[PDB]
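Each of two forms of one protein chain follows alone as C-alpha cells, named structure 1 and structure 2.
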Structure 1
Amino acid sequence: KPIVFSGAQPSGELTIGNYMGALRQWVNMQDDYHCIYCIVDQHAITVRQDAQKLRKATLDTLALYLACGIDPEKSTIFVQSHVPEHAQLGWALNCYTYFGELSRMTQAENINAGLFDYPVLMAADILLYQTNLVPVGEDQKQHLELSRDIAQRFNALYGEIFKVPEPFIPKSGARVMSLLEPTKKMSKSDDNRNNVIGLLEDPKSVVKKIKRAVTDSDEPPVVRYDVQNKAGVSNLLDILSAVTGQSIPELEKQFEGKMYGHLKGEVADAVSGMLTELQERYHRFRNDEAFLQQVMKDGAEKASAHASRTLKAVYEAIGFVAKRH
C-alpha cells in the first residue's frame, strides 16, 4: 500500500467543508493506503499562543479526527512531539536546504525563526515515513515542492534514502462555499464565523447560520443550480447534496414550486442530522482520557518504529557515529 502523510493542525476547528470534503474522502480509503495522521504541535508553536489551550486543542483535534472516522487500528494517528525523529531529521535536512529556498517562500527581522524554518520541519515530517503521497491545498504546494527537492538532493549525494513524495491529485468533489460570501470557499480560518458551520455546532446555531445564508432576488424564487447567477442557492444545494447523497437534478425536482425558506429548513436539518452522530462520537472520545492516551501511545509507537529506520539510514549516510544503545 502507498504511504500517505497528512499534518493535522491543533488549532483549527473543523468545518463541514473540511469534513464532507477531504476528511470523509480519506476516511473511506483507510484500507487502500497506509495513512498517517500527524497532529502537528511542533508546527503550531511557530505562532505564540496560550499553553493550556494548545494542550486542549491537541486533544480536541485527536478526538475529532477519531469521531470523523479515522481508525487507530487501520491508520497511524499520533502527536508530532511524541516522535523525536521529526526534530532530528529536521535538523539534518536544515543542512541540505538552501537559505535562499526558505527566503523565497511566499510569506522581517521580528518574525520568529520557527516561522521562517518550518518548511524544513514539514519536509522531515513527510520524508521520515517513506511517504508516497501527500494531500496538499494550494497554499502547501511550495512546501511539498521543497520536500521533493530536498529528497532528490540528498538522494543524489547518498543513494536512495528517501522516497520522492507526490501530491495526491484527485480532490474530494464536495463543494462547500461560505454562507455570506458564496464565491469564496468555506475555510476554518475565516474571521466571519457566520460564513462557516463548525462540526460542534448545535441545531439552534445551524438553523441561525443557514437562515442568514445569502440567496438571490429572483422572482419568483426558484431552486435551480447556477453558480454564476445563483451562487447562494447553488451552495445550499451542493451542501444538501453532499449530506444526503441526492443528486442536484433530484433536489431541483424536489424543490419545484418551493421557496428558499423550504430549502434552508431542509439544509439545516440535513446538516444537523449529520453533526449529531459526529458530536456523539466526539464527546464520547474526547472525555475518555484512557482511550485517548492509548491511541497516542500506540500511534507514537507505530510512527517511531518507521521513523527510526529512516533516521538511522540518514545518519549512516551523513557519517555520524552510531549511538551506543
Structure 2
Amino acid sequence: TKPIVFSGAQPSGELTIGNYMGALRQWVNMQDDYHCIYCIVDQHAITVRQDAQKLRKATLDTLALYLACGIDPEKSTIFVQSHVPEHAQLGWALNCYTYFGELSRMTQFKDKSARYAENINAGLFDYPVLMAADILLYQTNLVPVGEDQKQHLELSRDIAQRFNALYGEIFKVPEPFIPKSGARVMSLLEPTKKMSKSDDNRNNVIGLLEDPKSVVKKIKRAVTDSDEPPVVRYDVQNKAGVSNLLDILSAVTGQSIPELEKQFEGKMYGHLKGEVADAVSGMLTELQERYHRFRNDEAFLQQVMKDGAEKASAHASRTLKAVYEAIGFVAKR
C-alpha cells in the first residue's frame, strides 16, 4: 500500500493564492504518488464564530474549489470533518496526552486571541489537539501545509511519539511537506504579514474566487521599495514586497528565482507587476471556470461527500478501535 497523505482547509473566510501555493498546489501534485486524503475542516472553522448560512455555503464552496484545483475524487478521498465522528472521539482522547503548556505557547492561539478578544474560546485553545487527531486517524505519513502550520504539525509528532512510547505502534509519526516556493505568501500592502483568508482589508489579498480584473488592480498597487534604481531581486529583509511578487510569479509559472531575476535584468517594477498580473489573471480565470461547473452541480457535490466520508470512516474507525483498546476502554459491541 502507498504512503498516506492528509491535509485540510477551513470553510471560513475566502481561500487565497497563499492557501493555494502553500497547500492546495501540493495536494493536487501528490495524488498519484501517494494515497491522498483531503478534509474540509468545518469543526476547526467554528473556533472563530461563523454565521450558520455562511458556514454551510463556505463548506460547499471549499469542496468545489478543491475539485476546481484538480483534486480528483477517483484518486483522492475528499470529506467533511464533521461527517466522521472519530475526529472528535480521538481529539478528546489525545487531549489527555497533550500538556496545557504546549497549547498556551502556540502562535496561532495568541494571534487569533488578539484578533477575537471577545471570543477567546476553549476550541481556539484546543485547536492543535483536534488537528493532531485529524492527522493521526489516517496513519498519515506526510502532511502538506504552509509554513504557518509547522508548529501545530510538530505537536502532532510529539503526541504520536508520546502515545506510541506507552502503548506500541498505534500511530505513524507524520512528517511536514512544506514547499520551497509559496510556503508563506505575504500581504500586498503589508508584506511583513502573511496573506490572510479573512483580512479586514481586501486589498491585501488575492482571493481564488475574486474577479480577475480586481486582482490585477490590487497587484498593480502592491507595495515595493524605495530602491534607486529599482531592481528586481529576491531579498525578504530589504525588499519584502518585490520578493513576495517574485515568489507568487515563480509559484504560478514554475520559473526559478534566478531565472526570473535574469528575465528582469534592466527592468523595473512595472515589468514585474505586469507579469505577476498576467500569470495570476490567467490562473484565476481558468480555475473559476472549472469552479462554477462543480459548484452548481449539487448532485455531484453530494456524491463526493458521501463517498469520501465512507472511505474516511473505514480508515478512521480502524485507528480509533486500536487507540481505545490500547488506553483500556471496554470495546463497543
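The first residue in the sequence of structure 1 is number 1, and each one after it adds one. Take the two forms, superpose them, and find the largest set of C-alpha atoms that agree within 1.5 Å; that set is the rigid core.
Put simply, after the core is superposed between structures 1 and 2, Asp218 is the one residue in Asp149, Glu101, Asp117, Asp218 with a Cα shift of at least 2 angstroms. A displacement of 2 angstroms or greater separates the C-alpha positions of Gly245 between structures 1 and 2, with the rigid core held in common. The two forms, fitted on the rigid core, differ between structures 1 and 2 by less than 2 Å at the CA of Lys74. With the core held fixed, the Cα of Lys209 is displaced between structures 1 and 2 by 2 Å or more. Its Cα shifted by 3.7 Å, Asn194 is compared between structures 1 and 2 on a rigid core fit. Here the rigid core is superposed, and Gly90 then shows its C-alpha moved by 0.1 angstrom between structures 1 and 2. With the core fitted, the CA of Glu138 sits 1.8 Å away from its counterpart between structures 1 and 2.
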